[PDB]
Amino acid sequence: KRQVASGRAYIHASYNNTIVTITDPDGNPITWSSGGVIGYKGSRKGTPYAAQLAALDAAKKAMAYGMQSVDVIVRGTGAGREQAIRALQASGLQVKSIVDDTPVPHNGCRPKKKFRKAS
Amino acid sequence: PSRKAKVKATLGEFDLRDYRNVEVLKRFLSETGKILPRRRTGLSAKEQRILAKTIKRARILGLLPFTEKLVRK
Amino acid sequence: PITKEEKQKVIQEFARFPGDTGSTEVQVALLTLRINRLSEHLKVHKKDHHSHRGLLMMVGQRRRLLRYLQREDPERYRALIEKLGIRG
Amino acid sequence: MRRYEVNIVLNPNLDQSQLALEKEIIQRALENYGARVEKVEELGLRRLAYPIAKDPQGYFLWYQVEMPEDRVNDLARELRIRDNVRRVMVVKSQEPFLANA
RNA sequence: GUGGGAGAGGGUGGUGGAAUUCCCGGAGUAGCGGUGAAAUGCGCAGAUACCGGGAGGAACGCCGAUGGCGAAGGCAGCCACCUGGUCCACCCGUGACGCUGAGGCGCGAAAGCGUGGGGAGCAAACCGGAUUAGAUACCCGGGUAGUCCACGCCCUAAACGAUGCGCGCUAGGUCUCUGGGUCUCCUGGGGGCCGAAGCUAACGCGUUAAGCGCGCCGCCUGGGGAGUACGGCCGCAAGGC
Ligand SMILES: [K+]
Ligand SMILES: [K+]
Ligand SMILES: [K+]
Ligand SMILES: [Mg+2]
Ligand SMILES: [Mg+2]
Ligand SMILES: [Mg+2]
Ligand SMILES: [Mg+2]
Ligand SMILES: [Mg+2]
Ligand SMILES: [Mg+2]
Ligand SMILES: [Mg+2]
Ligand SMILES: [Mg+2]
Ligand SMILES: [Mg+2]
Ligand SMILES: [Mg+2]
Ligand SMILES: [Mg+2]
Ligand SMILES: [Mg+2]
Ligand SMILES: [Mg+2]
Ligand SMILES: [Mg+2]
Ligand SMILES: [Mg+2]
Ligand SMILES: [Mg+2]
Ligand SMILES: [Mg+2]
Ligand SMILES: [Mg+2]
Ligand SMILES: [Mg+2]
Ligand SMILES: [Mg+2]
Ligand SMILES: [Mg+2]
Ligand SMILES: [Mg+2]
Ligand SMILES: [Mg+2]
Ligand SMILES: [Mg+2]
Ligand SMILES: [Mg+2]
Ligand SMILES: [Mg+2]
Ligand SMILES: [Mg+2]
Ligand SMILES: [Mg+2]
Ligand SMILES: [Mg+2]
Ligand SMILES: [Mg+2]
Ligand SMILES: [Mg+2]
Ligand SMILES: [Mg+2]
Ligand SMILES: [Mg+2]
Ligand SMILES: [Mg+2]
Ligand SMILES: [Mg+2]
Ligand SMILES: [Mg+2]
Ligand SMILES: [Mg+2]
Ligand SMILES: [Mg+2]
Ligand SMILES: [Mg+2]
Ligand SMILES: [Mg+2]
Ligand SMILES: [Mg+2]
Ligand SMILES: [Mg+2]
Ligand SMILES: [Mg+2]
Ligand SMILES: [Mg+2]
Ligand SMILES: [Mg+2]
Ligand SMILES: [Mg+2]
Ligand SMILES: [Mg+2]
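Residue numbers (UniProt numbering), protein chains in the order written: chain B, 11 to 129; chain S, 16 to 88; chain F, 2 to 89; chain L, 1 to 101.
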């Protein structure tokens, strides 16, 4: 119960799960959701439909705090990013700006064998 | 094929070694803080090579960005 | 580095005649100056091997020029070595 | 004796007395290393492209000077001691390379 | 020699931002992670996701390329210092001072060894979870030496263009890097592609020769046994020649 009425929406989309964190304009979170907060347990979380459900659930939780407009921030390349985008877009929440802010290094650390053949 | 406009052709007389001229080096960066390739800038090999180091200097001085964020995705 | 004034100083000091810029004495004197500069650079920075190779090459060139002088006119050879203090 | 250019970005929140003190220390350090000044361009507070020392702006100073090379690095260190001085970059002077001429 | 030029060539010091990890605080709640699917794992001692601050180690995104430099190995943020090679123009100086090179000497990716330090990420060995007929593997969660630094060793390789070095001669076209010039173009050095003559068993090579010649060094003489044995030399050892 804070009545923020305007904040940010971070989307963390990986190939294994999509998780949505709704925060205030300073970044402090309010509510959140993910594929695991919905009934989906295993690989079904890395599904665009699961991402849609997570986005809609986080949006409905933010409705309790009476929030209307959000600023969307996307991080990570994963199946279900655009589906969460389109879920938040038409959810009653006014989407003011969508921004991709995926953290890309300047070739700092050595990846795992899974991500090798690169630097 | 980058048929919109060349940065050099959309510009006049300028110094390629001036790391303090921010408003002219801003044109040579993309929407992100990244340095534009040759197909976008329309510079020569030597020109682009000098531009790279001058942009890096302008970045270290705090004038140009190392990286920006993408909007309207 | 090795500026132009020092180079002209050693050239005029070792020139066989006014205008000589490429006699054997001048070449050996210039190589000796470069060799001493590089040796002073290599006392410190002893982990610099790529310049050590250039030092080896300069020494070889100077030895070959001194060998030529030894064969042709040993008097100017002894005079050069006496002026520069080489061969120990 | 080579020609160099010194860029100094310092705290934009300094008052005139503190700024005068920092510039006085800069001039004294330049004299202490024999850096003959040829010109100066005080640009002052300008908007940075990223926060430096948690501050979105910085006060810029530029000095074209001539000094012995052997101590150039040894001078830059002396200019980084002041906490108000947050960026020091020395660059060998180069002739302008014009493009699209 | 003089005057210019390009460069991740090398060494030393300093310095910048992104990211990973960790620590502190805020905010916040039931999972995160991971896979073909899972489980170990981590999470109510509050994780993951988000914001801010701090520490540390390592590597430099875009530029960036079929590009550049180096004798090879190899070299990629930025700044300064020290320093090597190289190219061009002038036609100035020396006057065959040249080429190659058994030995010798020096350099020599990675891994490995010694002493000291460092240790974020990764990760042999190893500890587990899976898979499987079994799985001393691939897949997943951890993880030590190591990777990093200083100094000293080690001398190996698909150390590759699988093509020793130098010089001369023998159609061109096209792309490119870098100079010079009467700057449509010409000329010089380097990096590619296609091709005259010619060569090759063929594939292919073809002014960057694998063509035509000359000089000098290295090496080959059927396969296995075998880069093994013995001997010698070198190495702390692994081991190398
Ligand atoms: K290359
Ligand atoms: K240890
Ligand atoms: K030209
Ligand atoms: Mg999953
Ligand atoms: Mg300071
Ligand atoms: Mg270099
Ligand atoms: Mg915490
Ligand atoms: Mg875990
Ligand atoms: Mg753990
Ligand atoms: Mg448990
Ligand atoms: Mg509880
Ligand atoms: Mg974390
Ligand atoms: Mg943080
Ligand atoms: Mg630590
Ligand atoms: Mg690239
Ligand atoms: Mg080369
Ligand atoms: Mg190689
Ligand atoms: Mg002549
Ligand atoms: Mg004559
Ligand atoms: Mg030879
Ligand atoms: Mg030999
Ligand atoms: Mg080695
Ligand atoms: Mg090693
Ligand atoms: Mg060790
Ligand atoms: Mg140790
Ligand atoms: Mg690991
Ligand atoms: Mg593992
Ligand atoms: Mg196992
Ligand atoms: Mg089976
Ligand atoms: Mg079983
Ligand atoms: Mg650990
Ligand atoms: Mg050990
Ligand atoms: Mg090869
Ligand atoms: Mg070979
Ligand atoms: Mg063979
Ligand atoms: Mg050849
Ligand atoms: Mg050519
Ligand atoms: Mg061909
Ligand atoms: Mg034919
Ligand atoms: Mg044929
Ligand atoms: Mg040939
Ligand atoms: Mg045999
Ligand atoms: Mg036999
Ligand atoms: Mg055999
Ligand atoms: Mg063997
Ligand atoms: Mg053996
Ligand atoms: Mg034996
Ligand atoms: Mg022994
Ligand atoms: Mg063994
Ligand atoms: Mg063994």
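For every residue, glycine included, the Cβ atom is placed at its ideal position computed from N, Cα and C.
Query, Result
"F/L32 versus F/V60: straight-line alpha-carbon distance, rounded", "8 Å"
"According to DSSP, residues forming a beta bridge with B/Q104", "B/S79"
"Same chain, Cβ closer than 7 Å to B/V105, five either side skipped, listed in chain order", "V80, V82, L98 and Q99"
"Positions along the region 35-48 of chain B whose CB lies within less than 9 Å of some CB in chain S", "none"
"Boundaries (first-last residue) of the beta strand (DSSP E) holding L/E66", "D55 to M67"
"8 Å contact criterion, which S/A73 and S/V37 should meet: CB distance rounded", "7 Å"
"Whole-angstrom distance between B/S24 and L/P56, CA atom to CA atom", "33 Å"
"Partners in chain S for L/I52, counting only beta-carbon separations shorter than 9 Å", "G77"
"Residues of the region 77-111 of chain B with Cβ closer than 7 Å to any Cβ of chain S, in chain order", "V84, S107, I108, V109, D110 and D111"
"Residues in the region 5-38 of chain L having any Cβ partner in chain S nearer than 8 Å", "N7 and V9"
"F/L70 to F/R64 span [Cα, whole Å]", "10 Å"
"CB contact check: L/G58 to chain S, cutoff 7 Å", "yes"
"Contact set, ligand 4 heavy atom to C-beta under 6 Å", "B/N26, B/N27, B/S53, B/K55 and B/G56"
"Beta strand (DSSP E) segment containing L/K39, residue limits", "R36 to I52"
"Nearest-angstrom beta carbon gap, S/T47 and S/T82 [assumed within contact, 8 Å]", "6 Å"
"Cutoff 7 Å: S/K88 Cβ touching any chain B Cβ", "yes"
"Beta-carbon proximity check, B/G90 vs B/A61, cutoff 7 Å", "yes"
"Selected residue, minimal CA-CA separation from F/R79, among F/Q9, F/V29 and F/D21", "F/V29"
"Buried or exposed by the 16-neighbour rule on C-beta atoms within 10 Å, applied to B/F125", "exposed"
"Beta carbon proximity, L/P96 to chain S, threshold 7 Å", "yes"
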